[PDB]
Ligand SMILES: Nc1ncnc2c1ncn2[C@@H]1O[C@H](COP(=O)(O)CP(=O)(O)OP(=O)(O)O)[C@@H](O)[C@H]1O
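Take a look at this one chain, the form solved without this ligand, written out in structure tokens.
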């Protein structure tokens, strides 16, 4: 295939929407509704230069909407759970437990300190902490203070963390006494009743910046709540026990943490920065873990080498890379009560954009389908002309809806070339994210992952 946002004969144009977002657009393709040409027919480099110069702030800033922003923020939903059951266990780490009330208390004490240091909506904070209670207190406090957090995974080299922190422009860093001195030049604080804060944060405000050159996907509260609330791909509730084992700086993190905290569920934190298969098996048995979210390779290893990591587990969801159907089939045979799901999506569209609930018929095949979009999200299979691919035909996958990031912090050109105008959307200007993935939509509407656009 040959993408029109990378190579187009007719030239390029720069589009703008009511919220001042910029989009690169091929000159010969009709301007979508809610979008207007800001920079005339020019070279792709010339268009990208204009965006790099004019688009200084990625956060949406335009006229006020009729309908006031729907929904509560991440921390507000957490606060209602702390109020409802303060004595209920929120976090488990090694032999220690942290209730909902104690977690909320600790996070409020730190949030008040953050406010005193200049944290407010529109401010980002770096969190350079190992996996444990402090990591949660830190990010919850950042959210409570109206700011957005960025997880700085301590397994990574200092240079990579320093670059990521530099890119966010965060004027504050939350770290620990052992990690002290690794990251320099940014004002640093440590983690040491108070009461909940009322800061004026709203769902469109930045909640996080995710880093996998560094690429910081910055996402509002609604991208997180839109992924965890009003969804049925896994069981959510206070009787659930999630395992936070996935890397902290990427998008699978939120499901394990927020999917539990917004519902009053227990969250087991794994020691170590990377998913540890042997530790996972032990943690499932110790705490009665009800849901596992695993990369395809982790899932395959556990299925074969640590099958008891699935004992008592209600849902197992495969992510990232294409699934191994023989391993999915093996899990079904060994664990008959286990519900299996295959999740798909880039971090730019938050956690899963699409999900497929595994059925008996899928096991006879060679690949697992990526499924159907989550409620409030959408997925298109388009050709080089941004036209829907013929049913069954190959095309590039574009994702849209509630999970969309504002963009790549400090990289408006890279943003404008990936978070493009949506040509299917109503009078209001919407965006779609080009995934770089090739897919096909089968007769029943189920998506199938093919490969990379290379």
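Residue numbers count along the first chain shown, from 1.
Absent from the display: the form deposited with this ligand bound. The rest refers to it.
In the deposited complex, which of the listed residues (160, 287, 314, 215) lies with a heavy atom within 4.5 Å of this ligand?
-> Looking at 160, 287, 314, 215 one by one, just 215 meets the 4.5 Å heavy-atom criterion.
Would you kindly say which of 370, 302, 206, 165 lies with a heavy atom within 4.5 Å of this ligand in the deposited complex?
-> Contact residue from the list: 370.
If you check in the deposited complex, is residue 347 within 4.5 Å of this ligand, heavy atoms only?
-> Answer yes; at least one heavy atom of residue 347 falls within 4.5 Å of this ligand in the deposited complex.
Quick one: does residue 250 come within 4.5 Å of this ligand in the deposited complex, counting heavy atoms only?
-> Residue 250: yes, in contact with this ligand in the deposited complex.
Do residue 342 and this ligand come within 4.5 Å of each other in the deposited complex, heavy atoms counted?
-> Yes, residue 342 lies within 4.5 Å of this ligand in the deposited complex.
Heavy atom of residue 277 within 4.5 Å of this ligand in the deposited complex = Answer no; every heavy atom of residue 277 is more than 4.5 Å from this ligand in the deposited complex.
For the chain shown here without its partner, which stretch in 96-104, 172-180, 152-160, 315-323 has non-hydrogen atoms within 4.5 angstroms of this ligand in the deposited complex?
-> Contact criterion met by 315-323 only.
Do heavy atoms from each of 437, 449 and 452 fall within 4.5 Å of this ligand in the deposited complex?
-> Contact check passed for all of 437, 449 and 452.
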